[PDB]
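Read through the structure below, which is laid out as structure tokens, and then see the notes.
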Amino acid sequence: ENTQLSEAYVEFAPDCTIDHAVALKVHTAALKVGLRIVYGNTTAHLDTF
Amino acid sequence: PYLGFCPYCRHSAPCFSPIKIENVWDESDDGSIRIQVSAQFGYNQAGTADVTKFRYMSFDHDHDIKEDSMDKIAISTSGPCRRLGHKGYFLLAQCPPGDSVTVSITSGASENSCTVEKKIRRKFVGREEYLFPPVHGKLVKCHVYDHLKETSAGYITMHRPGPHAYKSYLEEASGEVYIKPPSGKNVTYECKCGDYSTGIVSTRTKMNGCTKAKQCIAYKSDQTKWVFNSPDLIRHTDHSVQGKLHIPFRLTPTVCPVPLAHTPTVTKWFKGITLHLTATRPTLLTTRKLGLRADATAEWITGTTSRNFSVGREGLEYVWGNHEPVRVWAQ
Amino acid sequence: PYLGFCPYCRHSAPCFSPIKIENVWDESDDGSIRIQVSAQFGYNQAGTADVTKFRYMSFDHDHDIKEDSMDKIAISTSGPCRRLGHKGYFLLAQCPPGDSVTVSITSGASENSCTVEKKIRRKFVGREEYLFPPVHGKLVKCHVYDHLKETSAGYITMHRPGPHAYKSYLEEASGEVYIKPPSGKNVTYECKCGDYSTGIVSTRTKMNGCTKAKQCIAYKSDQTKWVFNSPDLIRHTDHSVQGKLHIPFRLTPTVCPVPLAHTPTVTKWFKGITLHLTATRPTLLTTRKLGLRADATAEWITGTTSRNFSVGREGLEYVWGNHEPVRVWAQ
Amino acid sequence: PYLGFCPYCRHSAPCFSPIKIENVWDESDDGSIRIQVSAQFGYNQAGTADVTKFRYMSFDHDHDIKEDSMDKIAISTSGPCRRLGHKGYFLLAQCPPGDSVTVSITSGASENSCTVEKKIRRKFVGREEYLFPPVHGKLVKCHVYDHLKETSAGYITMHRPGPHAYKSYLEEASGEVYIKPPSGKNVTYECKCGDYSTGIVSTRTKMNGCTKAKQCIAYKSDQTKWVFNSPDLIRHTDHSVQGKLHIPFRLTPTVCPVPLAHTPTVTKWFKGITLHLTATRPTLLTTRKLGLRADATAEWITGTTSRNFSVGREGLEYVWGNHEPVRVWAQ
């Protein structure tokens, strides 16, 4: 009548800080575009949605 | 410096060694391997840092802490492994591919080894196999265990050691159980020999009502040390976290060189391509169409071969090994 | 201590060495290997038992019996092998897997090795492959070679040595053949130099009618020894069996520890099961129906997978690895 | 004794060693391997023939030619390679199968190795695989590298060494660059520190207009030696061919022994054969019809099997392993 408690559990491996996957859920994809416009002699760069 | 139950000692059988492995990590892109054994490294007898020697557990009923030098430890998986670094509880070395890892101390003719299974596989980085990092090639992102001793990949928790019984402490004489503590060490003992009984004896003491030697336990109160949470020790009553020590050799990012495969030869025809490929090693070719439907395919080739690919007006893209993507548009 | 025509010497060729293996056994469940060479071990110069030394054949025209120590013998198949026992003519050692076995004596720089082909394959016991005997597992029946020196797996028959000619014993001078026996040893000689002639000379003696050194033979009468019935030696005229020496390291039965695979997960449906299986190593699953028709199937799996099995009213039986058989009956 | 850029030194990285391999030949039927490293063997310090020792390049800023003995070099692919011979720039050795070849010099603890990839495979001669040349069998035509040191497979071209800059020769002090040639050696120097300048200094000399160490170069005029046309050296301005040295160990033809496989058992029926075959090793069977159409087939088998072959009135021919061709004609 020699009782033993046996226990175990899990955690993150010590080097998971670099080797790890992340689970994400995305929504409607917003597109943003960079444009160069040249009119006559004048050109311009700009980013727009 | 605890000693625990290795599954494979020197000869054939599981048994107790100071240099049991318990767990292994092999994720470094170089194949550098980090090992944890119950032994220590880089510390002298009192624990002060001294690189040339290490301390470990004794094979005696006094069970003190003994010592030896770095020149007589060896690591081997299939052939001998080159040690890269050591920090207290931890080792790190380069190993050839194999199925299990062995740590061995050769104290002259006193050989003590532990072996544990781990399918270490020669790994590589990039889109092509290679035996060695070539002299010339692209520099890409990789992750290698930092050889520096003073890095930290994490921490491990240590606790006060639990009871550690012995039999030289006990003795049977004329049907009576006596205890024989070593010199000057207050040794705590307990048993029921009938009713329960406990105390501490520093000298040879007799027991009443005790008919068999197996009935009792004695051990010295060594609370001046901290031991890892190993699964092969009976812990103390109070298992509170009492120490943390760093996990050296953090898996740091860096740059690695990778070969550039032979540039294929393109042979062209009506709406499509025939790529002629040469690759001494398994190298990955990955193509995809540039339209609504990707039709992407990926495959590893060896030797020399040729692949036909239909190219639409929308175009086709291919990546050969580590070479940059190449785009095409049919006429 | 005869010397056999080892197919493979140190360098590339067949030669005559004192350590020729002639045959090998590899049946023992632990991979223990029993080897038989023309040398003997554990005996001193006169043959009396001395573990630390062995005697063997001489590389000279006196061809006496020389000696060396155990520490300079080595066994290797793919890597070095650990010697487990030795008894006169026989050796026993554990070896890594390989295609051939090599025995080597290192008498300083005097290297003498014999190599013989044998596809030694890492074998195991049970219904699942494993690298090593695990610490925890079922205890099953095995047969291993007994490490005890004084066991006997049978006997080997020995006879008198036959004639061993030499050319130092003979010489040519002025077109006449003389014999030159070593000191004090009565050396038998014979030849046809025209008509036949035979005798014994203990000292330098001349022969008549003999024009070529190749015409005659001389050799000392060594009837004080017994030699194995080797296929490399010309036997005595009377090849009666005259000695029987035991074959040590009997293959004795015992117990082995064997792993227990992961217990599968049963996922169920109308008259049948879907077993989800995980096994890091090739493990055998064997099932059979409990009706008139067995329809039994057996297969080895690796990795993780799932298998659908129809179960009738009569029921189904399955055995997973070393786990006990399990029975089921459909509703 | 040039030093060059080995892709794999002792530890992990490409670096500069005197014993770099550049190319390997593995075409000899016996598996003998001929190697070329930048070191030269069998010659004493002045270059005079001395088998026991060799000379090689120095790891110092004087960069003279140093020496060691033959017993401290080693060749290894998967296990140690047995050396067979050496002549100056060239080595030849027999060794086990592997994916790369390694030369290593062990000057005590001073270990310097070069490793280069080469898929060396066990090759054989005949129509059947075998590990090892058997004692009994047919003698067939083969080609093996001749172990004789004084053979010649060709020639290699040597030129005068080109410039070899050094940095101990240069120094910066108070924003002025000085040169420090070693004792008594006329060291040529040059740079543009503004305008161009060149000369030779045998003693510590100052330069004008020079503000940085990196601006100039100095090196001794060592025209008394010839170096291989290696791809890791900057050549002299005049790369005329000036020396030719023989390529030792010419691949000579000779006879080799090959096994004779088990003769088939023919089981016969109306217009055809059923050959029963046993072959422990992969052995080639090749048959062809004796009429207008050959219908020839060739295939390797292992184990024990049986093959049915239709035989016409014109007949059939079969060759089993190394056995002679056999002809048949149906009734």
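Convention: chains lettered A, B, ... in structure tokens order; per-chain residue numbering from 1; ligands numbered from 1 as shown.
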
Test item: residues at most 9 Å from residue A:35, only C-alpha atoms, excluding those fewer than 5 positions along its chain, as a count of residues only: 5

Shell of 7 Å around residue C:276, only C-alpha atoms, local chain residues under 6 positions omitted, as a short mmCIF file (atom, residue, chain, number, x, y, z; two decimals) with N, CA and C atoms, in the first residue's frame:
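Output file result_21.cif follows:
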```cif
data_model
loop_
_atom_site.label_atom_id
_atom_site.label_comp_id
_atom_site.auth_asym_id
_atom_site.auth_seq_id
_atom_site.Cartn_x
_atom_site.Cartn_y
_atom_site.Cartn_z
N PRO C 264 -4.10 3.04 -29.77
CA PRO C 264 -4.81 3.79 -30.81
C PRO C 264 -6.09 4.39 -30.27
N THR C 265 -6.69 5.26 -31.08
CA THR C 265 -7.97 5.88 -30.75
C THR C 265 -9.04 5.32 -31.68
N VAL C 266 -10.10 4.78 -31.09
CA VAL C 266 -11.19 4.17 -31.85
C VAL C 266 -12.22 5.23 -32.19
N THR C 305 -1.39 7.58 -38.86
CA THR C 305 -2.33 7.26 -39.93
C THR C 305 -3.65 6.80 -39.31
N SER C 306 -4.57 6.34 -40.16
CA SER C 306 -5.85 5.82 -39.72
C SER C 306 -6.28 4.70 -40.65
N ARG C 307 -6.93 3.68 -40.07
CA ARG C 307 -7.36 2.50 -40.81
C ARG C 307 -8.82 2.18 -40.49
#
```

Distance of atom CA of residue D:79 from atom CA of residue D:24, expressed in Å to one decimal place: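 Calculated distance between atom CA of residue D:24 and atom CA of residue D:79 is 17.7 Å.
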
Gap from atom CA of residue C:193 to atom CA of residue C:236 - Å, one decimal: 23.5 Å

Determine, for each residue of chain B having at least one atom at most 9 Å from an atom of chain C, the closest pair of atoms and their separation in Å to one decimal, counting only C-alpha atoms; order by chain and ascending number, as CSV.
```
residue,atom,partner,partner_atom,distance
B:6,CA,C:135,CA,8.6
B:7,CA,C:135,CA,5.6
B:8,CA,C:132,CA,8.0
B:11,CA,C:82,CA,8.7
B:12,CA,C:133,CA,8.7
B:13,CA,C:133,CA,8.3
B:14,CA,C:135,CA,6.5
B:78,CA,C:79,CA,8.8
B:79,CA,C:79,CA,8.4
B:99,CA,C:131,CA,7.9
B:100,CA,C:131,CA,8.3
B:116,CA,C:132,CA,8.9
B:117,CA,C:131,CA,7.3
```

Can those selected residues be exported to a file as a compact mmCIF listing (two decimals), in the first residue's frame so that it contains C-alpha atoms?
```
# COMPACT_ATOMS: atom_id res chain seq x y z
CA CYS B 6 19.98 6.61 -18.20
CA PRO B 7 18.23 4.15 -20.56
CA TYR B 8 21.58 2.95 -21.97
CA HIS B 11 27.32 -2.19 -21.54
CA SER B 12 23.67 -3.00 -22.37
CA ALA B 13 21.41 -2.04 -19.49
CA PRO B 14 19.71 1.12 -18.24
CA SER B 78 27.45 7.99 -35.51
CA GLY B 79 31.04 9.18 -35.44
CA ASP B 99 19.87 7.82 -34.88
CA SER B 100 21.02 8.36 -31.27
CA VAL B 116 19.48 8.48 -25.91
CA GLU B 117 17.57 8.09 -29.16
```
